[PDB]
Structure formats: structure tokens, C-alpha cells
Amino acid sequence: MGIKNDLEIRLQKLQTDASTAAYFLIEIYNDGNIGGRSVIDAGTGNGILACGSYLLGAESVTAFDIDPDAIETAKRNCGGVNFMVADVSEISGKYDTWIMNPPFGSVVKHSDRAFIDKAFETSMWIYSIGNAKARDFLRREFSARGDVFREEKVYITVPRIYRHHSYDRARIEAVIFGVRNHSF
């Protein structure tokens, strides 16, 4: 029932939710940036975005996280992916596409800019999905080093257990960025 649904069910077998992850990845795929491409997934966590890229036919997929426990789980989820434990400062290879899922929001740190800097020194096509609170900062930074062809609003549910009132909004705002590196 569509590539998004077909991918989603494969992601659900693994140990961003599967629907959102599938949506995000299919966009990159339709842009022509997954299939037959070398891809690197930064801050891979359980590896869902890396496994998804592999499932979509990426020529090669590399993924890293600072947490060894996350990598241990990721490797079992999809062995075909080149998973590694590493700090972003350690990344030094070249890849067609860079994917990341930034946790930071309003407050930016040395690390937050570290991922952006590394992305532009590493890949031609850069994608990010995360909190919409970093929207202004990210757009500014991405547009200063590349062409932002995508800045899309996507809604993420906030469990009621994390809400402070019945009249509060049920779904916060996230943002998807797609950028073409000015460098290579």
C-alpha cells in the first residue's frame, strides 16, 4: 500500500516513530538522495533512520552515535549498515547524503553547531528533522552554507502524561530541513 507504508512496516520490526521516520526518509528518497547513494546518519540512536536508508536501497550506509549501547542495539537491527561509536568531531569521510535528528531546541551549544559544521564539511545533501524551536537558528545556519530547498512543518504528538493542562495543544511542531551544500 505505497512505499511509505511498505517501508514503515519494515521499520516497525526494529527494536522519531516509524511513521514519521518513513515519511522523512521517503522525501529524501524521492529527492533522489538515498537510492544508489552513500549515506551517513549522524546521532543514529537505535539506528532507525540508518536502517531505513539501507532498506530504501542506499549504496552504502554509515551511522554513528556517541553511545555504545545505542550502537549495540542498532547493529542488531540492521547488520548491513556500517555502525560505529564516535563523537561527531571524529567523522572525516565523504558521503552523498547526511541525515540527522537534532534534539536541541532554543538553547544551542558547542555540540549543536558541531553537527552542522561537520555536515557541511562531509556531504553534498544535508537533511535534519527535529524540534521547531531551533527553526530560526537552523535556517540561518543552513542558508549561510547551502541552499535550503525544504523547511517543512510536521506535527509530533505530546503524550498527555507530559502535558500540563487539558486545553494545551496535543501536538508540538517539528521541522524538516533539506539543504544543498554550496561546497561540493
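From 1 onward, residues are counted along the sequence shown.
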Which class fits the unmodelled deposited stretch between residue 15 and residue 16: none, 1 to 3, 4 to 9, or 10 or more?
10 or more
Comparing 26-34 with 149-157, which has the greater mean CA B-factor as deposited?
149-157
Quick check: 37-45 versus 115-123, which has the larger average CA B-factor in the record?
115-123
From 129, 61, 66, 56, pick the one with the largest CA B-factor in the entry?
66
Deposited CA B-factor, highest of 82, 77, 92, 97
77
Going by the entry, which third of its chain does the Cα temperature factor of residue 11 land in?
lowest
